[PDB]
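Next up: just one chain, as structure tokens, the form deposited in one PDB entry.
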């Protein structure tokens, strides 16, 4: 289109167990979710920035940092089984149905992403739009150990390999593996709405360099890295 409509949706549900109130817990000098909102603003490639949440405290924080909160996320998709795509589809359909706004491209930006680089958000959009075959672009990172040589542990702590054939295989002889970094996901609006699979041959990645923020301890480590220069 001649007029761009690229939007950011930040999913954030309440109810975290391991880190209570995780999305509004202070990280450095701001509630954690604010770092994602601010990265989307700084990027400068979003027409709108929306938080999708069922939680009143999270919504209030979102408005404070200049995200929109146009709706309350339906209760049925704020649960332990709803997927990222379901949350993003809801938001896109809401914009279409309630405001007559049809976005072009839609970026899902997770709420725990203080190390996200704003330029990477716009890099992702440029990659998405550069290759017309492409339906999604997401942040990914390499595994630092060959997944083919992974182990499991039984309840008595005894080791076995997932693939014992690779006991003595060299790391450099195995196919390189990557994983979703859980930061951002660009998609064509229709890719989201048609529930197209993200990890598939119509998707590219932006590769990030070598953070877990899953535990209270992890939070403390990240605080230190955040201010390193």
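Residue numbers count along the first chain shown, from 1. Here, rigid core means the biggest group of C-alpha atoms that superpose within 1.5 Å across both forms.
One more form of this protein exists, namely the form deposited in another entry; it is left out here, but the text below deals with it.
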*Report the residue, chosen from 123, 148, 141, 135, for which the CA moves 2 Å or more between the shown form and the other one after the rigid core is overlaid.*
148
*Does residue 164 show a Cα shift reaching 2 Å between the shown form and the other one after rigid-core superposition?*
yes
*C-alpha of residue 79 moved at least 2 Å between the shown form and the other one on rigid core*: yes
_Rigid core fit then residue 174 CA moved by 2 Å or more between the shown form and the other one_ = yes
_Relative to what's shown here, the Cα pair residue 78 and residue 18 differs by 3 Å or more in the other form. Does it come closer or drift farther?_
closer
*Are residue 18 and residue 77 closer or farther apart at the Cα level in the other form than shown, by 3 Å or more?*
closer
